[PDB]
């Protein structure tokens, strides 16, 4: 009624123009599909552009490698919450995926043979964890994401993909439990658009901005995760939040783990290289959940640096300045801009910082979104997800550095391949009721003219401080429960929201209130799932439940053990639902997939004690 509606018919619609969304979008077009890519940002502004350290693949350019070692590292890294069929797919496809990007012109750094330069990175080994540090992180100095995204964007210019730039997706068009498109606001002119398609791909990124301190872009607001939640579908494993060990003190900007890959070390206020104590073998190249907890303990125990003893130091000045300028030039500039530090002379002040969301929309290894009914997974017809918004789950309870850029292009491609193997271009577009999406427009109209007593920035700050204080690196039941009660109150108080801009063209007051609704749905599920998970696994650490609780006790021999019933252990994915009008969170569980895609070619890795 009050808003002009514009209807589009495509074969496929991709929401997102990051690494995943772009790869999916022109992968569909390269297969002949009439494809739309709807993005709230100009593509090269997406968070992918800020990625630094690189992308993993067992090319073997630096020494002999094997993708099954990368498989093993990822399984263990995930603390046996990762689905081993998807990890199999991802690590096996990794060499081909990186070669694709370089053949696109991605300007990788080079070896003396002219091949792609690979660096060490945290938590990667040769010989199934037995043979020391792998060197399989392919990089463009410390701007790998920048070059990845600009390369993919240029490539996308060769195909007939229709781009809808600065369009904000509001909801899915669901009919009969099937997705039939998305509805969105055109930020440039105020109009409402419905994109109808047989297949929809969600590639909207993470939701790190639910926290007060994060490496994430201002635009990382979980918009796609919230669309799924509003459709009544589950999200998965949202309580697993990655804290990166080295965000710069104060600003929060990321300092790449490539620094430690190239030989940098963490020291505390006494000059001690303290990771020698927390991880005798891996040292500062332990997994991120371990390094972050270790740094947090050093600070809790009085060995932090700075006037407030609230951070630690990353030292690079023992390295040759030529290596710093050639391998880490990006963070060299950043360190100077944001901390006044010359990395050839003085250390960088750093501390663990919310960085990446292991959870997301649950998918199978083909990229199809699933639900879980009567104890069985079921595909959602017409709905895909990839990138940081999805939970494939390749990362389980802790992602390995440089596996996310890999994830993006592998499963962006997989979504496209799956649709091309499932459908043909030009099949009839699914129908929608004439009023499909009206509740999204009505919600948009409520926030546009909202005139309560709690302005958006006030409730968003309340949410961020709550998450920072109640769901951090170490967690406990009573602090989680108070956080749950706080967020639930904040959610109810969205009824009293207050906005000021009454326009429709480029009303970022409105858009940020939509993003607040989305962030809050992600935060609620994150903290309620954390409160229910009474164990410690990967990035989720409970000081009241310190042990990982599996179906067996894998630190003892299995012979003669009684398997714990599914309801009496925690090696299972959390599925979360929200009743959006009340804010009531409901939690269910589904088993982890231990089988690979081919037992004979790549054996399943049983759970074991996880040490670095």
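Positions refer to the first chain, counted from 1.
Comparing 131 to 139 with 505 to 513, the higher mean C-alpha B-factor in the PDB entry belongs to 131 to 139. The mean C-alpha temperature factor is higher for 264 to 272 when 142 to 150 and 264 to 272 are set side by side.
Across the residues 540, 378, 288, 76, the deposited record lists the maximum Cα B factor for 378.
The residue among 45, 40, 68, 569 whose C-alpha carries the highest B-factor in the deposited model is 569. In this PDB entry, the Cα temperature factor of residue 218 sits in the bottom third of its chain's modelled residues, the lowest group. Among the modelled residues of the chain, residue 345 sits in the highest third by CA temperature factor in this PDB entry. Ranked within its chain, residue 22 lands in the lowest third, by CA B factor from the PDB record.
Ranked by C-alpha B-factor against the other modelled residues of its chain, residue 330 falls in the lowest third. When the CA B factors of the chain's modelled residues are split into thirds, the value for residue 13 lands in the middle one.
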